[PDB]
Amino acid sequence: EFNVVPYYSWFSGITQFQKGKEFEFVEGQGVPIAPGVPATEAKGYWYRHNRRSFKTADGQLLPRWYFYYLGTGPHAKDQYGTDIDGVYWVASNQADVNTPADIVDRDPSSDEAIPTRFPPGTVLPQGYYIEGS
């Protein structure tokens, strides 16, 4: 949950479930599939949402990453590929990362989040669960 309204991702999140596992994708992979969007627009970044749980007297919330097309979201102004903590840049080999993706953000009650899926051959990061799968 967010107590400051977040920028909404077009896709479901990827949740870390095993600590110590790195969130990564092979270069050229990692952009979720949106029906009808050209491969040239497949460029953006996954943004880490650190979650914190409240102390109980029992015993854990691991981060959840959300995808934003290049030029949108919390790091809309950053340069593709720049080393920034909590930002993992990804792009199809058809994408030109000097230009923002031609994509408008999601919402209102106008669109639900697209369940995150990747093309056949995509190497999935071990230790992460794709929400909606």
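Nothing fancy with the numbering, it's 1 onward along the sequence.
Ring-centre distance between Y47 and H75: below the 6.0 Å cut-off.
Listed for the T82 side chain is no donor-acceptor partner under 3.5 Å among the backbone atoms of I84. A donor-acceptor pair under 3.5 Å is absent between the side-chain atoms of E41 and the main chain of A101, judged by distance alone.
By the 4.0 Å N-to-carboxylate-O rule, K43 lies too far from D96 to be salt-bridged with it.
Summarising the geometry, atom CZ belonging to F17 is positioned 8.0 Å from atom CD belonging to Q126; distances are rounded to the nearest 0.5 Å. A distance of 15.5 Å separates OH of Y129 from CD of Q16, quoted to the nearest 0.5 Å. To the nearest 0.5 Å, the span separating CG on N98 from CG on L70 amounts to 9.0 Å. Rounding to the nearest 0.5 Å places OG1 of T40 at 11.5 Å from CG of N93.
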Item to check | side-chain contact (heavy atoms from CB on, under 4.5 Å) between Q18 and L62, intermediate numbers included | outcome: CA-CA 8 Å; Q18 289 188 88; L62 291 184; 5.9 Å; no

Next on the checklist: Is there a side-chain contact (heavy atoms from CB on, under 4.5 Å) between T116 and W46? Walk through the geometry before answering.
Outcome noted: CA-CA 12 Å; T116 287; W46 285 89; 4.1 Å; yes

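Using a 4.5 Å heavy-atom threshold, the side chains of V37 and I103 count as touching. In this structure the side chain of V123 never reaches within 4.5 angstrom of the side chain of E24, judged on heavy atoms.
By the neighbour-count criterion of 12 heavy atoms within 6.0 Å, atom CD of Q79 is sparsely surrounded, having that number or fewer from other residues, nucleotides or ligands. Enclosure of atom CG in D111 by more than 12 non-hydrogen atoms of other residues, nucleotides or ligands within 6.0 angstrom is indicated.
Using a 3.5 Å distance cut-off with no hydrogens or angles, the side chains of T15 and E131 do pair a donor with an acceptor.
Smallest separation of non-hydrogen atoms from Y45 and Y69: CE2-O, 4.2 Å. Nearest heavy atoms, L124 versus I130: CD2-CD1, 4.0 Å. Minimum heavy-atom separation, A91 to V97: CB-CG1, 3.8 Å. Residue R51 comes nearest to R64 through the heavy atom pair NH2-NH2, 3.3 Å, listed as atom of the first residue, atom of the second, then distance. Shortest non-hydrogen contact noted between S9 and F67 is OG-O, 2.6 Å. Nearest heavy-atom pair, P100 versus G71, reported as atom, atom and distance to 0.1 Å: CB-CA, 4.1 Å.
Classification of the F25-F118 ring pair by plane angle, with boundaries at 30° and 60°, yields tilted. Between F23 and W65, the ring planes are parallel. Angles under 30° get that label, and only those over 60° would be called perpendicular. Aromatic ring orientation, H49 versus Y66: tilted (interplanar angle from 30° to 60°).
Residues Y88 and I14 are members of one and the same hydrophobic cluster, defined by side-chain heavy-atom contacts under 4.5 angstrom among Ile, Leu, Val, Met, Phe, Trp and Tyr. In this structure, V31 is not a member of the same hydrophobic cluster as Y7, with clusters built from ILVMFWY side-chain heavy atoms closer than 4.5 Å. Under the 4.5 Å side-chain heavy-atom criterion for ILVMFWY residues, a single connected hydrophobic cluster contains both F2 and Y68. Cluster annotation: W89 is not connected to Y128 through the hydrophobic network of ILVMFWY side chains, with a link wherever side-chain heavy atoms come within less than 4.5 Å.
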